[PDB]
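Asker: Let me see the structure of the following:
(chains A, B and C)
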Amino acid sequence: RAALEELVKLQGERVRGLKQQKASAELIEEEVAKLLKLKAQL
Amino acid sequence: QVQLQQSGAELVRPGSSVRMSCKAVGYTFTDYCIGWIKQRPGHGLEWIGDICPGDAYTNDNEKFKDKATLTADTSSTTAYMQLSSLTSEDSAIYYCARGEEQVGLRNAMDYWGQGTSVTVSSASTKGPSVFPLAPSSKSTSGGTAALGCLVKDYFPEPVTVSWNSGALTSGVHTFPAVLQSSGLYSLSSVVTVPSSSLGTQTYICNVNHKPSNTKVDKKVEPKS
Amino acid sequence: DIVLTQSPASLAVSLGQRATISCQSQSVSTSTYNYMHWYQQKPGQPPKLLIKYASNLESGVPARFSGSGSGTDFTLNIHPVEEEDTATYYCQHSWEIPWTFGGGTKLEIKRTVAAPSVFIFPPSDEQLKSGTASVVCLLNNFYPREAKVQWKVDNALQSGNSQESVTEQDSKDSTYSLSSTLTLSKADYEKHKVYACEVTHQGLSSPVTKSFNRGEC
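Answerer: Numbers count the residues shown, from 1 in each chain, chains lettered A, B, ... in the order given. Next up is the structure itself:
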């Protein structure tokens, strides 16, 4: 679980960084969808 | 319940700096960004910037680069906005609103604060004079008469008016304030009542002007 | 920045009919989501979110409100329209920084013609002590908003010495009210007798005048 929690924490910081970098809205969707996928496993 | 509790109205001089607060409760403070919105007559709504608490960063509007500064205090779950180099163009109502999830999609703003009115002026605070609008003696015996209160010469906005301590609300019209040429505001508040009640029933307008600590209870009766 | 063009800027719709507000801009949609949102703002109140992501109705918001469209065109629909729906409606994108709003659409509720009840008020003796006389004319609960208030003092038409205020459309009976204040100096006021307020409105088949005599009980 701790290994899976590490993935969610990291992916959640991925979508944050991309927001700070003012990346496109399309990219944010994809990465939020990744986080959603990971959260469903926890 | 999610609530965004903003600070009170402010009257400040041109060239000065002001700082307002936004207390957010009912949800995890660091999971959402908070948007700041500017509203002044004739300019609709305008996005000032977002604050994203926790590992705090901001989403910036270039038009408000040196004008607005967004900060946050996670421990007290309070967001702050500071407006500097204030001019008349900064006179507006400012809302804070809960925006997107920090790790979620781009979003709208669902929960809003009640707003903080900022008046940029060099004019002094002045309490209003309250004058009766006495019901006409020409009032139809079994019909409807009108009476009210004239609230004149005050600054700044707003004044609040109730009737009989808020018990009388039906038929009440409190008109929007009009800016007189003297730079002072003025408005009226009227109410329609049965003509058979003019000589027997009590009608008192409750005028309140917070910026000058002015509270006036004016009884309105037929002029004899 | 991204410009949101709303149309119309103002709208008048009868009870039970349909309100259609449009918002046009550059594409603020992906292939999956549409990042356009709708707000309602009534006078004296903060704006209230109605629709997020083009067509998702917020909980608590009546089903009479609906949204549609994608990419460059979005429409807000209100059906049926009710008295309490009088407000300004805004569109807003969350596509890319900065977020911007549309110009806004002022929705007026249309109703049957109502003639104004007219009342005139002489200045109080308390005010006269200060050296200023204010004469007020009241136009109560009328529709449409258009009304003509003409001040007369001893049958002499006035100009440039009055200011009128109008209430927001009542969210229950869809009427308006109007107050007109005639401002005179104590000297100019006490040199005359007959003060009259003449009102011209669609609901009136003839101009209605209310008057009083200075000093008359």
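Asker: how many neighbours does residue C:33 have?
Answerer: By other C-beta atoms under 10 Å in any protein chain shown, 18 other residues sit near residue C:33. Just so you know, the C-beta spots here come from the backbone N, C-alpha and C atoms, and that holds for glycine as well.
Asker: what's the answer for residue B:136, then?
Answerer: For residue B:136, using other C-beta under 10 Å, the count is 20.
Asker: just checking, it touches residue C:120?
Answerer: Yes: applying C-beta atoms under 8 Å, one finds residue B:136 in contact with residue C:120, separated by 7.4 Å.
Asker: Find the residues that touch each one of the two.
Answerer: residue C:212 (C-beta atoms under 8 Å, 6 or more residues apart in numbering or on different chains).
Asker: burial measure for residue B:26, as a count.
Answerer: 12.
Asker: Hmm, residue B:212 is touching residue B:156, no?
Answerer: No: under the criterion of C-beta under 8 Å, residue B:212 makes no contact with residue B:156, lying 9.3 Å away.
Asker: Around chain A, which positions in chain C sit nearby?
Answerer: Selection of chain C residues close to chain A by C-beta under 8 Å from any C-beta of the partner chain yields C:30, C:32, C:33, C:35, C:94, C:95, C:96, C:97.
Asker: For those residues, which PyMOL command selects only the ones that are buried?
Answerer: Buried residues within those, by 16 or more other C-beta atoms under 10 Å in any protein chain shown, are selected in PyMOL with:
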select buried, chain C and resi 30+33+35+94+95+97
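Asker: TSV for the residues of chain C next to chain A, including distance to residue B:25 and secondary structure?
Answerer: TSV is the format used below for these (distance: C-beta to C-beta, whole Å; DSSP: H, G, I helix; E, B strand; the rest coil):
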residue	distance to residue B:25	secondary structure
C:30	33	coil
C:32	33	coil
C:33	29	coil
C:35	28	coil
C:94	24	coil
C:95	30	coil
C:96	30	coil
C:97	27	coil
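Asker: hang on, residue C:197 packs against residue C:120?
Answerer: Yes: using C-beta under 8 Å, residue C:197 is in contact with residue C:120, at 4.7 Å.
Asker: Touching both of the two, which residues are there?
Answerer: C:135, C:137, C:210, C:211.
Asker: What is the nearest of the residues you listed to residue C:128?
Answerer: residue C:135 (11.6 Å; C-beta to C-beta).
Asker: What's the local residue count around that closest one?
Answerer: 24.
Asker: from memory residue C:112 sits against residue C:143, does it?
Answerer: Yes: contact criterion C-beta under 8 Å: residue C:112 and residue C:143 qualify, at 7.4 Å.
Asker: Compare these two and say which is more crowded by neighbours.
Answerer: Using other C-beta under 10 Å, the more surrounded residue of residue C:112 and residue C:143 is residue C:143, with 24 against 9.
Asker: Nearest the middle, which residue of chain B would you pick?
Answerer: Central residue of chain B (C-alpha atoms, centre = their mean): residue B:117, 5.8 Å from the mean position.
Asker: pretty sure it is in a strand, no?
Answerer: Yes: Residue B:117: assigned to a strand according to DSSP: H, G, I helix; E, B strand; the rest coil.
Asker: And the residue of chain C closest to chain A?
Answerer: Closest approach between chain C and chain A, counting by C-beta to the nearest C-beta: residue C:30, at 5.1 Å.
Asker: Residue C:96 versus that residue, what's the distance?
Answerer: 12 Å (C-beta to C-beta, to the nearest Å).
Asker: per the record, what domains does chain B have?
Answerer: B:3-120, B:129-219 (automatic domain parsing).
Asker: how many neighbours does the residue in chain A that chain B sits nearest to have?
Answerer: At 4.6 Å from chain B, residue A:12 is the closest residue in chain A, using C-beta to the nearest C-beta. Neighbours of residue A:12 under the rule other C-beta under 10 Å: 17.
Asker: Check the one 3 residues further on too.
Answerer: One way to gauge burial is a neighbour count; for residue A:15, by other C-beta under 10 Å, it gives 24.
Asker: packing partners for the longest helix along chain A?
Answerer: Using DSSP state H, we find that the single longest helix of chain A is helix A:2-20. In terms of contacts (3 or more C-beta pairs under 8 Å, 6 or more residues apart in numbering or on different chains; DSSP states H and E), helix A:2-20 is packed against helix A:25-39.
Asker: tell me the angle the helix it packs on makes with helix A:2-20.
Answerer: Helix A:25-39 runs at 170 degrees relative to helix A:2-20, counting by axes from the mean of the first three to the mean of the last three C-alpha atoms, to 10 degrees.
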